[PDB]
């Protein structure tokens, strides 16, 4: 049934935002790909002329999945422009909320966005719950009984028997599919944990609201620090701590074991969806002005040469428009950025996306968990090395396996585990700082009439930067360069395929009508199209 011809997936579901993937297939394998982002909003246009203090409120609305991240990036950017050094406690609180965001985002991604590419929920109805419970109890220190899993099966049976399949309507697995491999019991375990994760994520998000007012779209950051004096109180700290502990337990006892069981079943996915080059900005600073003070450090790698990690030079970023729906063909550094929409329809004048195409020293760069993890590993990060090595050993694969769709998915779990533990270290440092008598959370500052600033966040999908030019004390230019822009933007003016496009070459497609293999790879990057385009 080895198909030759096009496949279009539009909408790509189980992402944030509006993505169209086009591929050409020859003899059952993808030979070419296009990543087409089909919504534009124009937040950079909207920002022009406004008060720099307002930017974070607008830019947070770039994305409600990666909520907080853009508020943080804009506030770091304006902090930097005005030259304010925020208080230690503001760094701690901002870092703690960011840690919490990573845990929420990655848990929801694995279960609620990615897993239906690999789990046949309807096959869970055939499972033996007693066998399933034995398997679940062998992979986690949390013990699960047959009755626990039968309750899930009974609920699902009632739902399926109603004939109203809801979000499972027309799923690629219905009726069976040759690329879906799990046995019924493993499908039941995963489905049980999918459902569990729907309630656990409420707690993971609540942790952000403890200090950050609300989720989605936090409201506690200002130029110069944070506003939440209540965050200094033992009661709020204890509330945060309890939510964090429960979230961490879920990561350690539910997510990571399930990730490993699925990866083991899909070990052929080490052979697809690799990429060449990696960029990361580092995260969780001790010093807001020194990226190398961050718990994860910045770095750049070309052609998988992890022995030669290059320093990150912010001046080597340019955003291309030749294959994008903007005027002309000239790439721009974001301090000289331009956002001049000009639609030509799909492939009109060889343009096919609302995303710009960021290039670093002219090269397309993957960012996100795989970049973070591999660069940190290669810098000798002891926590990243410990977890990564244990994952490799459990799966029985060498390090080359990480350069793949499976590898990327594993890296997301690795980062989650490492960040979950590091939140506890940050929390203790914060408590210790309060105990020394430091109760300051915001510092005074003055608006310059003319300035340049940049803010860097390594968000759940990778390296985020916001760039401001202040003119007459107003926004002269404001440019966002977002992780999904790097990963899922189109080709550049050298016609280099973007990471997602390149990674799709070689994908086998068993059934062109139900191209789950394309979704596996695309979802492994965790696309966010509102982010990528803004």
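Numbering follows the first chain given and starts at 1.
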Looking only at C-alpha temperature factors in the entry, 471 to 479 or 24 to 32, the higher average sits in 24 to 32
Taking the deposited Cα B-factors and averaging over 120 to 128 and over 333 to 341, the higher mean is found in 120 to 128
From 388, 316, 416, 221, the top C-alpha temperature factor is at 388
Among 441, 402, 279, 207, highest Cα B-factor in the entry goes to 402
Split the chain's modelled residues into thirds by Cα B-factor; residue 515 lands in the highest
Here the Cα B-factor of residue 289, set against its chain, lands in the third termed middle
Sorting the chain's modelled residues by C-alpha B-factor and splitting them into thirds places residue 165 in the highest
Chain-relative C-alpha B factor for residue 500 (record values, thirds): the middle
By the entry's values, the third containing the CA B factor of residue 134 is the highest
